[PDB]
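Asks: My questions will all concern the structure given below.
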Amino acid sequence: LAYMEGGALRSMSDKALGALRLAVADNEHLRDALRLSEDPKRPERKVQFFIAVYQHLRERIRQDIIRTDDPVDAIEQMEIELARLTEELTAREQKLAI
Amino acid sequence: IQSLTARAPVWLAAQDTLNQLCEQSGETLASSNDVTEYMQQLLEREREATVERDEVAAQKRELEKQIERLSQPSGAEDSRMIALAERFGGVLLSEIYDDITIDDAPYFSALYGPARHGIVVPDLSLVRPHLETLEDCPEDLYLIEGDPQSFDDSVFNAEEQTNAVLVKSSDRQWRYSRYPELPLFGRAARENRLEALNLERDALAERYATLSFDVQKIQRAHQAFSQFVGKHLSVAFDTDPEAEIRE
Amino acid sequence: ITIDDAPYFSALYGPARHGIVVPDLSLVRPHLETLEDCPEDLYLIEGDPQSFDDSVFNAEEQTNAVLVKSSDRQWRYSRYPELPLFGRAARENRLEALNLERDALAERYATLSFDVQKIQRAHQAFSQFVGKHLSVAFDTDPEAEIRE
């Protein structure tokens, strides 16, 4: 990001924060962190928010299905699950037809 | 300096991406060739995983087919054999000893021999008129004479032996039947047999699921690498510009 | 045994298709009680292996089938099977059909492995080019600049 001017960075941050406001209506904690961090001069605040967000996601991993606490890691196993489950669904479909 | 600055963003994004893609692997890449060799390894791992998965699938298919073979209604199946129960009064021998004790079931099986799955019919001269119909029948079909309700034991040249029996079937012709484990007969522990088969099938399916997951993992990895070469290869392994810029 | 009646004999014999012409039952009684590895319902026949007379069957030849009084109150029906255990010949046509199919598969496999190798060769060609030239690739002819 060093190779872009501040205006672009500000635009991207605000654009992200918009969708964050739309999404965060679910959870009070992330909403509070957002409602505190959105001000400019409190970068650490946003960081905590990010931290919280990150940690919050780790609540939902269902380790049993995907066995590490890292969400971004989790994405790969989720996609692999999708692929294999499509395969298994095709199998079920053929079996049902017969 | 200006040239290197312009070049930089591409190279740094390329790094970030390779860094992630590679730590995903258990390896550090260093060369386009290195990447191709990794491709070869991935292909070998894939063509293995597929073979193991297919083997497990064959095992599961066999297990399911056999569980069916043990399923209904008494004996193996409802087919020509159960059909003879109404084509004539051909009650199934195995049903006729449905509640056989598990301990006699091996002796019963050994004695009844292949006729284990035979059918009791007070008259087999009576099956004669319909016999010409039976082209769609098990290649070799047993028929027995006696009252199925209170069928007297099929008279046999039976000689009981330790865990077996010897029977004069026809002249100059003897069959030796060893006692089978967990016999086929009836509903005594045949449901139990097929239940054990079901339990085994459960582990088979679990293993198959894991193998499929692994196969898809490998698919995804290769696809990522393929994308990562279609993009990004021009700049791969190119020097850091930042150090030169600072210098 | 004749290819043609081999199915007939097979239907006749059923499980008795397998089994051995034992010289004597007197060997069976002191021998087979010992075994456990023998096939569960081992089928035994007594007499001369060198020239064994037609085994005793109350065989009536139904259409493509046979009925034999196996024993008292015991009649067994059977149908004509192909690929008999009798009249095996050399098992030649079976192996030969498998050979035709498998050899077609093997030559196709050779073609496909070769194609893999060819695609690979093109791939190494490209990899070599990019590792060596691509940095230089494209861009102008410098002769005009040099002359200028």
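Labels used: A, B, ... for chains in the order of the structure tokens, numbers from 1 for residues in each chain, and numbers from 1 for ligands as shown.
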What are the residues of chain B that have an atom within 10 Å of an atom of chain A, counting only C-alpha atoms, as a list in words?

Replies: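 So the residues of chain B near chain A are residues 5, 6, 8, 9, 12, 13, 24, 209, 210, 211, 212, 213, 214, 215, 216, 217, 218, 219, 220 and 221 of chain B.
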
Asks: Output as a Markdown table one row per residue of chain C within 8 Å of chain B: the closest atom pair and its distance in Å to one decimal place, counting only C-alpha atoms, sorted by chain and residue number ascending.

Replies:
```
| residue | atom | partner | partner_atom | distance |
| --- | --- | --- | --- | --- |
| C:11 | CA | B:140 | CA | 7.0 |
| C:14 | CA | B:140 | CA | 6.5 |
| C:15 | CA | B:114 | CA | 8.0 |
| C:33 | CA | B:161 | CA | 6.5 |
| C:36 | CA | B:178 | CA | 7.4 |
| C:39 | CA | B:178 | CA | 7.9 |
| C:40 | CA | B:178 | CA | 4.8 |
| C:41 | CA | B:177 | CA | 4.0 |
| C:42 | CA | B:176 | CA | 4.9 |
| C:43 | CA | B:175 | CA | 4.4 |
| C:44 | CA | B:174 | CA | 4.7 |
| C:45 | CA | B:173 | CA | 4.6 |
| C:46 | CA | B:172 | CA | 4.9 |
| C:47 | CA | B:172 | CA | 7.0 |
| C:55 | CA | B:172 | CA | 7.2 |
| C:56 | CA | B:171 | CA | 5.8 |
| C:57 | CA | B:170 | CA | 7.3 |
| C:62 | CA | B:132 | CA | 6.9 |
| C:63 | CA | B:132 | CA | 6.9 |
| C:70 | CA | B:170 | CA | 6.2 |
| C:71 | CA | B:169 | CA | 6.3 |
| C:72 | CA | B:155 | CA | 6.9 |
| C:73 | CA | B:145 | CA | 4.5 |
| C:74 | CA | B:144 | CA | 4.8 |
| C:75 | CA | B:143 | CA | 5.3 |
| C:76 | CA | B:142 | CA | 4.4 |
| C:77 | CA | B:141 | CA | 4.8 |
| C:78 | CA | B:140 | CA | 3.7 |
| C:79 | CA | B:139 | CA | 4.9 |
| C:80 | CA | B:139 | CA | 7.2 |
| C:81 | CA | B:139 | CA | 7.1 |
| C:127 | CA | B:32 | CA | 7.0 |
| C:130 | CA | B:234 | CA | 7.3 |
| C:131 | CA | B:32 | CA | 7.6 |
| C:134 | CA | B:234 | CA | 7.5 |
| C:135 | CA | B:234 | CA | 7.8 |
```

Asks: Just list as number ranges by chain whatever in segment 68-203 of chain B DSSP marks as alpha helix (DSSP H).

Replies: B: 68-69, 80-87, 93-96, 104-112, 128-131, 190-203

Asks: Report the residues of chain C whose backbone DSSP state falls under strand (DSSP E), written as a ChimeraX atom specification.

Replies: /C:20-22,41-46,59-60,65-71,74-79

Asks: Quick one: residues within 9 Å of segment 36-39 of chain A, only C-alpha atoms, excluding same-chain residues fewer than 4 positions away - as number ranges by chain?

Replies: A: 14, 17, 31-32, 43-49
